[PDB]
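> Only the shape, not the letters, is given here:
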Ligand SMILES: [Cu+2]
Ligand SMILES: [Cu+2]
Ligand SMILES: [Cu+2]
Ligand SMILES: [Cu+2]
Ligand SMILES: [Cu+2]
Ligand SMILES: [Cu+2]
Ligand SMILES: [Zn+2]
Ligand SMILES: [Zn+2]
Ligand SMILES: [Zn+2]
Ligand SMILES: [Zn+2]
């Protein structure tokens, strides 16, 4: 399309929401291509990632870890206004894996504190894609400090299974998984720092061991458990988007399954079906579709159980509805062996 | 189905066998749905995992690591009687990834020493699935102490390739891969303990490094080599089921291939073909079908060769038959360069 | 085929070239099956892998790491002459994952310094496959010392996508990824050794931590950057073959995509499409096809960004051509917020 043609397309401004929720959108595209505008501010701030008060200097899109999920349709143009407040201390940029050219846009969006930039790119391929900060010479550091998220480019006709059957979800959740590398002092205790830059040297050496100290969903151990559990009802169809910008993960819905799973996260690649545990390589986003059939609590985890239960990669789903004894029943409840 | 309908289905009691062998079963389902009954006892016992006398306090279904493979057909009901002897010391339960609801059955099967329980669930999805113990607050510990196995839910019509062609195996083997985390003393030697509970604190810290000390098949280094090598003959069709309840693995048949591989382990997902090395994420089971064409010894390994040859993840296949020179021949045997 | 029939097939001698380039070949097979002859010499030599002068005693096919890529067509016979000079110190052999029998040929090609051997095998399955040294009792050590490469067995009719559409590449590059495990002294500095054998004991203990000190493409940090960047032009179709003989990797073309990706590396398995980051398990080779649409520099990396930017797994692509503003444009260049 020409500049004039693009300038004549209808525009739509979207207000982003904090994960795990997603901004309002329609699954089937309404009309022709549009220019969808999003705005994000970068915040460098301290966040507490566990119940022991462990602090990390996060670098976060819209102040959250992960950054928010953006949704557009294939062939729409995504126009992002990115702002780096004058009160931040580092240069930042953004690389969209969904985009084509200039290192995903990273080479055209380098902004120092006090600057802003506006990038537009055509969303040519459908699927869920990772986006993350990637400043020359400090790439992994900004990423493992939480500066990453994902976007979803829906086919204009919505989701379909491998044989054209339409798949409409009632709810959608976005789980961003993050590997953190927190330095410890000679006593085995987590160190604290004044400014982000003061934690750099120590962080890099932990990073080089390739072993994270924490692996969490939505920015903190237990961030998605208890009262903050994701919800659904028996019969509801749910789409769970999962991203990991730096490290492999293996999602699994304990008590459930992945009915249709785009493990590679790309919609033109037929989904795998009936999955127990799927795999998402570091630097990618994946999506799983599931229809709940039983009520109760479900654990959604990274299935390397040490990472899930010892490092923090575990979330909950609280589902309401009626129990189906055909699917599963306790014939004899736990009881003493009668001698 | 209603309670009355399920109670009227024919019942079949199965006697489980120790891995790598599998209990007798038919590939094609005989008649209508049945209730298949299995019984497992939990044993907490010390096992020796290498040739240096390294001991670990195992927690094992039917006394083996991995637990035995259970086979049913899609839509059959699996009814398990699980027994925790009064002489054990910990609470245990079971979570079937093949099941739907109550954390895979884990929430309905918590039993203390001296108790038993009976769980029934409908095997609605075909494929190989992991099952493992998962007691609240001690999940990874029971799993990496060997309390896991797999089940296979065969399509009622048996296995088929991606285009409907039937695939009948002559033999089937089950290889359970286990990551162990054994604590070492200030001298670098493996520590020993009196009771399972006494090794907990030390084990957890090794677990947190995410680096296993041993990665073995069938419970011990060399468990499936030498005289205990799995066997086959040229022309025979073999199905190899492989599971890893906690950590990624990458199976490879050295000298052979994976003709048809359900790397995700789910039969409704077409298999990948002609594989050299396939990948099974932690928390999943996979299956590979191969027809031997050459006799001799084959090495079946986790292809991170350090894990295979240094940590223990290597097994053997001894195949009988006639050599095929068309497929491979030594034109000039190793010999001195004639100067 | 019989011995006489094979002896009557036309023969073709190929001169191998150093990676990342590939020897001349035709994508579509010309005529009937042939016997393709290749010759490789093994060199045990010291190579420098980073800019800090870190030395490693490499074991390399034709003196390079990775060894060169060999290309044949399905059903061709590959006949390799392998030479171990009298000046080397260790026994070596070769295992082709593309071959069937005798541990990939490893059991028929064990040669001491001063010996040579000639092996022939039929290339029955199409796809890219790993090949590596694997001497009994020292398998992982020869592999992580760089003694591995890959071969490509093209379908006789050339590459096709999932629905029969032909895929012809203008250029092909071979990126061999290598995990190195270099021992450090009590001061944290990399140790040096006189002979390969003198570094063995120390290397094995680093290997057991399963954590590499370097992860590089084409044998050294920055080997494929700057003036040695791989090249292409907008509109050109490029095939990138990637192998890792021992450890998982997750390739990603920053700024681009994997239009068609055979992540398992086997051509009879339909490719995944529109990939951002793909996964290649250790012990396998994969291939990605991409048509450049934007000029500029692209980074081709292992997307665990710590491994890419801290350990060395990063290469460059320099692409010429005209910028496409429809695909991406800087609407507002980085500029100060006007207060
Ligand atoms: Cu940043
Ligand atoms: Cu990226
Ligand atoms: Cu248990
Ligand atoms: Cu599980
Ligand atoms: Cu060698
Ligand atoms: Cu191999
Ligand atoms: Zn696949
Ligand atoms: Zn008693
Ligand atoms: Zn001589
Ligand atoms: Zn101001």
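Now that the structure is in, tell me what you want to look at. Residues are numbered from 1 along each chain as shown, chains lettered A, B, ... in the order given. Ligands and ions are numbered 1, 2, ... in the order given.

> Closest approach to chain C from the stretch 51-200 of chain A, which residue is it?
Closest residue of the stretch 51-200 of chain A to chain C, CB to the nearest CB: residue A:101 (3.4 Å). Where you see a C-beta, it was placed from the backbone N, CA and C, and this is true even at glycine.

> So for that residue, what's the nearest residue that isn't a sequence neighbour?
Computed as CB to CB, 6 or more residues apart in numbering or on different chains, the closest residue to residue A:101 that is not its neighbour in sequence is residue C:294, at 3.4 Å.

> and that neighbour, what does it touch?
Applying CB atoms under 8 Å, 6 or more residues apart in numbering or on different chains to residue C:294 gives the contacts A:100, A:101, A:102, C:234, C:255, C:256, C:319, C:321, C:323, C:324, C:327, C:328.

> That one in helix, strand or coil?
Applying DSSP: H, G, I helix; E, B strand; the rest coil to residue C:294 yields a three-state assignment of coil.

> what are the ranges of the helices in the stretch 1-150 of chain A?
Using DSSP state H, counting those that start in this stretch, the helices of the stretch 1-150 of chain A run over A:3-7, A:139-143.

> So which of those is nearest ligand 1?
Of all the helices of the stretch 1-150 of chain A, the one in closest proximity to ligand 1, counting by CB to the ion, is helix A:139-143 (3.5 Å).

> Now do the closest one: which elements does it pack against?
Judged by 3 or more CB pairs under 8 Å, 6 or more residues apart in numbering or on different chains; DSSP states H and E, the packing partners of helix A:139-143 are helix A:200-207, helix C:305-309.

> Skipping adjacent residues, who's closest to the residue of the stretch 201-339 of chain A found nearest ligand 3 in space?
Nearest residue of the stretch 201-339 of chain A to ligand 3, counting by CB to the ion: residue A:305, 12.4 Å away. Of all residues not flanking residue A:305 in the chain, residue B:140 sits nearest, at 4.0 Å (CB to CB, 6+ apart).

> which ones are touching the one you found?
By CB under 8 Å, 6+ apart, the residues touching residue B:140 are A:305, A:306, A:308, A:309, A:310, B:207, B:246.

> Any chance of the residues you listed in CSV with distance to residue A:18 and neighbour count as columns?
Shown next, in CSV, are those (distance: CB to CB, whole Å; neighbours: other CB atoms under 10 Å in any protein chain shown):
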residue, distance to residue A:18, neighbour count
A:305, 28, 28
A:306, 29, 26
A:308, 23, 25
A:309, 26, 22
A:310, 27, 21
B:207, 33, 23
B:246, 32, 25
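
> Out of those residues, the closest to residue A:4 would be?
For these, the closest approach to residue A:4 (CB to CB) belongs to residue A:308, at 52.8 Å.

> quick one on the thing from earlier: kindly reformat the helices and strands packed on helix A:139-143 as JSON lines containing distance to residue B:12.
Shown next, in JSON lines, are these (distance: least, CB to CB, whole Å):
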{"stretch": "helix A:200-207", "distance to residue B:12": "55"}
{"stretch": "helix C:305-309", "distance to residue B:12": "51"}
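
> quick one: residue A:187 is in a strand?
No: with three-state DSSP as the criterion, residue A:187 is coil rather than part of a strand.

> Next one: it relative to residue A:194, how far apart?
Distance of residue A:187 to residue A:194, given as CB to CB, to the nearest Å: 20 Å.

> Need the three-state assignment for residue A:168.
Put simply, residue A:168 is coil when judged by three-state DSSP.

> burial measure for it, as a count.
12 (other CB atoms under 10 Å in any protein chain shown).

> Excluding covalently adjacent residues, which one is nearest to it?
Residue A:168 sits nearest to residue A:27 (CB to CB, 6+ apart), 6.1 Å away.

> Now do the contacts for that neighbour.
Residue A:27 neighbours (CB under 8 Å, 6+ apart): A:154, A:158, A:159, A:168, A:169.

> Which residues are in contact with the residue in the stretch 1-150 of chain A that ligand 3 sits nearest to?
Closest contact between the stretch 1-150 of chain A and ligand 3, by CB to the ion, is at residue A:51 (25.7 Å). Residue A:51 makes contact with A:221, A:222, according to CB under 8 Å, 6+ apart.

> hmm, 10 Å instead?
The neighbourhood of residue A:51, defined by CB atoms under 10 Å, 6 or more residues apart in numbering or on different chains, consists of A:220, A:221, A:222.

> before we move on, what about residue A:295?
Counting by CB under 10 Å, 6+ apart, residue A:295 has contacts A:232, A:233, A:234, A:318, A:319, A:320, A:321, A:322, A:323, A:324, B:101, B:102.

> what about 6 Å?
A:234, A:319, A:320, A:321 (CB atoms under 6 Å, 6 or more residues apart in numbering or on different chains).
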